[PDB]
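Here the protein sequences line up with chains A and B, keeping their order. Numbering-wise (PDB author numbering), the first sequence opens with residue 256 and increments by one. Numbering-wise (PDB author numbering), the second sequence opens with residue 256 and increments by one. Step one of this worksheet: look at the structure below.
Protein chains: 2
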Amino acid sequence: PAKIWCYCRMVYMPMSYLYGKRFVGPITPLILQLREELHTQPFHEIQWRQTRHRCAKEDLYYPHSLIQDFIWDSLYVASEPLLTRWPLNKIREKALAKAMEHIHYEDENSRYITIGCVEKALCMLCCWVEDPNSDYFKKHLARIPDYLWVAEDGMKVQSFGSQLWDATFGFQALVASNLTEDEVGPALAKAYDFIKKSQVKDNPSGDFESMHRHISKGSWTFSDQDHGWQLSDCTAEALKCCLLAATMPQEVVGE
Amino acid sequence: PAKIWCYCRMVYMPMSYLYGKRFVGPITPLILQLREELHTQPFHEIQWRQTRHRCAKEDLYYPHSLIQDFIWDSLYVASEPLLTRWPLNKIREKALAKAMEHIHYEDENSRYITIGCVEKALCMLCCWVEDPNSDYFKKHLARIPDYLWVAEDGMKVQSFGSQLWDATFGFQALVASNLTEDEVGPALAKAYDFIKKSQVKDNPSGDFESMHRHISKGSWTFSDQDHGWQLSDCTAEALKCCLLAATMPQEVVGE
Ligand SMILES: CCCCCCCCO[C@@H]1O[C@H](CO)[C@@H](O)[C@H](O)[C@H]1O
Ligand SMILES: CCCCCCCCO[C@@H]1O[C@H](CO)[C@@H](O)[C@H](O)[C@H]1O
Numbered sequence: 256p257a258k259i260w261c262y263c264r265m266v267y268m269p270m271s272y273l274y275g276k277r278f279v280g281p282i283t284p285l286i287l288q289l290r291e292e293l294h295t296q297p298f299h300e301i302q303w304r305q306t307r308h309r310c311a312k313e314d315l316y317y318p319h320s321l322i323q324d325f326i327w328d329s330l331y332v333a334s335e336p337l338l339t340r341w342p343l344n345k346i347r348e349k350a351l352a353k354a355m356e357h358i359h360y361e362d363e364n365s366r367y368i369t370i371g372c373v374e375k376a377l378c379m380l381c382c383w384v385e386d387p388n389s390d391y392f393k394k395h396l397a398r399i400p401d402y403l404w405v406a407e408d409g410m411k412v413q414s415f416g417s418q419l420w421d422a423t424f425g426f427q428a429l430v431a432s433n434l435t436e437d438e439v440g441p442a443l444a445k446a447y448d449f450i451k452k453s454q455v456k457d458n459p460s461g462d463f464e465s466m467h468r469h470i471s472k473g474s475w476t477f478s479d480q481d482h483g484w485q486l487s488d489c490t491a492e493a494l495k496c497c498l499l500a501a502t503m504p505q506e507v508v509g510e
Numbered sequence: 256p257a258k259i260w261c262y263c264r265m266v267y268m269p270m271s272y273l274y275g276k277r278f279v280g281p282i283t284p285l286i287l288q289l290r291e292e293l294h295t296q297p298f299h300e301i302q303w304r305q306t307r308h309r310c311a312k313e314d315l316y317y318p319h320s321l322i323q324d325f326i327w328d329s330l331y332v333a334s335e336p337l338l339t340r341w342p343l344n345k346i347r348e349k350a351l352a353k354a355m356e357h358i359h360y361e362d363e364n365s366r367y368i369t370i371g372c373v374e375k376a377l378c379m380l381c382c383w384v385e386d387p388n389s390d391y392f393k394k395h396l397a398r399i400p401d402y403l404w405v406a407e408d409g410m411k412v413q414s415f416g417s418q419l420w421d422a423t424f425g426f427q428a429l430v431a432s433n434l435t436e437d438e439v440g441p442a443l444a445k446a447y448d449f450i451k452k453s454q455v456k457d458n459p460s461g462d463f464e465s466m467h468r469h470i471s472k473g474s475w476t477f478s479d480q481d482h483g484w485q486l487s488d489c490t491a492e493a494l495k496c497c498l499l500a501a502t503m504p505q506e507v508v509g510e
């Protein structure tokens, strides 16, 4: 796990837990009346072992390799006959406990504003199926309205914040443009103090080192300081903005 | 196989071949309209892995042991995930060929009047699914009317012949009973010549030895000489009959 990308590691881990637990949601009367119209054949009177490899020709960009397909096919008969009727209690329970503790340690350091709407939505189910009555679930439910957005069309969902990146770009554009009226000074200061306050300085809570994470020291995020994720792209623009504002007079922009 | 009983070995071997080939008969319109009324639940909408161990309390005489059930459960996941989607070509083909050649070598020596109606019926299907157009199948079909029988009730099926055993018992009873009228001599001779002709003297065709069979030399069967199966029960009565008839005068019973 210390080799794969961070996004894949944080997305597939709840998927791994859900697959291990084999959790299925309750079959409401809507589900039974809607599952028939979707499939072209009867719901329960079809096969599933040979239906696993059927890729559409419209949504196919990177086809699977022969080795990957062979590995998946071998794993299907290696795991399902074994860890479903005679599951290894020790191994499976340790894996589930490690996944749960890793998710709990990750969300606390991320202030429950974890990367990705899909990842947060899946983590909410992952923590709800473990304890429907807790405080982590309630706090996850509380940050849900932080992603909805409205536009000319109906309500949409914002994948992640981008205020810092656009603010830095706008500040750079304003300082590069000639100060004709010179009245942009108050706005420049009122943005510069926010930029200074947006710097992430504290280390992640707990043993962030040796936990499949990288050291963060005076780093910048892409969305906001409440996330605490290092990203070299935004830091490079922030440093340029700070250096360009450094040569500006103190009496006009402030400290 | 040289350890188990002969009847079990000759009965389960066609069962083994049928299970290995996974042969299923054609689904006629009668089958689809009759498979629904039998099962209390829908035909295809039920489970089968956990339905394997459900023994009735009326037809249970020798319950399965824990070790036997564990062995079957382990074999179910050892064989089905392996030898159904990725079958060992060499091992399975050699096993099927050996079963076919063993059945063919056994039926030729048995003159197609093999032991048991169920075993013969299963062997007929086993040889038909291999070659519907042959001579062994036709000769098996020709000996079918050798088992049907009629009585006061409707037509029945006779599992095996018993003419020799009853003939020996009747001959012993007649010779033990005092010859009052002494006119039973012609009948005694007309039965004694048949008894002499009923002795199995030839060895089974081919290499009967070292083929999971026992040596037969001047043995007797239970049904008729056309079978060629050693049985110590009938031989003991036949020897007693021969010895008791030996002391009888030659001029009255013949040679
Ligand atoms: C030291 C070996 C102990 C037995 C291991 C059996 C194979 C692992 O398999 C698991 O083991 C569990 C505990 O026995 C059982 O519930 C089942 O056999 C199975 O779930
Ligand atoms: C020397 C190994 C050759 C490949 C055999 C793999 C194990 C045998 O097993 C069988 O072999 C088939 C033929 O390859 C494959 O379809 C599957 O592995 C299986 O059906």
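C-beta atoms are modelled at their ideal positions from N, C-alpha and C, and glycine is treated no differently.
Chain-ordered chain A contacts of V332 of chain B [CB-CB under 9 Å]
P336, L337, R340, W341
Could you list the residues in the segment 287-305 of chain A with a C-beta less than 7 Å from some C-beta on chain B, going in chain order?
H299, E300
Just to confirm before moving on: does the CB-CB distance between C496 of chain A and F426 of chain A stay below 9 Å?
yes
Does the beta-carbon of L343 of chain A, which I'm using as the reference point, lie nearer than 8 Å to any heavy atom of ligand 1?
yes
Is it right to say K375 of chain A is buried, meaning 16 or more other beta carbons lie within 10 angstroms of its own, or is it exposed?
buried
Going by DSSP, what residue range makes up the alpha helix (DSSP H) through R347 of chain A?
344-364
Using three-state DSSP, classify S487 of chain B as helix, strand or coil.
helix
Could you check which residue in B:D324, B:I301, B:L429 has the C-alpha nearest to that of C310 of chain B?
B:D324
Those residues which DSSP pairs with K394 of chain B across a bridge
Its beta-bridge partners do not exist; DSSP assigns none.
8 Å contact criterion, which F415 of chain A and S478 of chain A should meet: CB distance rounded
5 Å
I'd like to know whether the C-beta atoms of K394 of chain A and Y360 of chain A end up nearer to each other than 9 Å.
no
Three-state secondary structure assigned by DSSP to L499 of chain A:
helix
Residue from B:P504, B:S365, B:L351 with nearest C-alpha to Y274 of chain B
B:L351
Tell me the residue span of the alpha helix (DSSP H) that contains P269 of chain A.
261-276
Looking at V507 of chain A: is its Cβ nearer than 9 Å to the Cβ of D437 of chain A?
yes
Report yes if the C-beta distance between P297 of chain A and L380 of chain A is below 9 Å; otherwise report no.
no
Could you check what DSSP says for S465 of chain B in three-state terms: helix, strand or coil?
coil
Determine, using beta-carbon pairs with one atom in the segment 479-486 of chain B and one in the segment 444-464 of chain B, whether at least three such pairs fall under 8 Å.
yes
Based on the DSSP output, what are the partners of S474 of chain A in its beta bridges?
A:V455
Report yes or no: do three or more beta-carbon pairs, one from the segment 285-303 of chain B and one from the segment 327-347 of chain B, lie closer than 8 Å?
no
DSSP-derived helix/strand/coil call for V412 of chain B
strand
Using the C-alpha atoms, what's the distance from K258 of chain B back to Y317 of chain A?
58 Å
Cα separation between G371 of chain B and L434 of chain B?
39 Å
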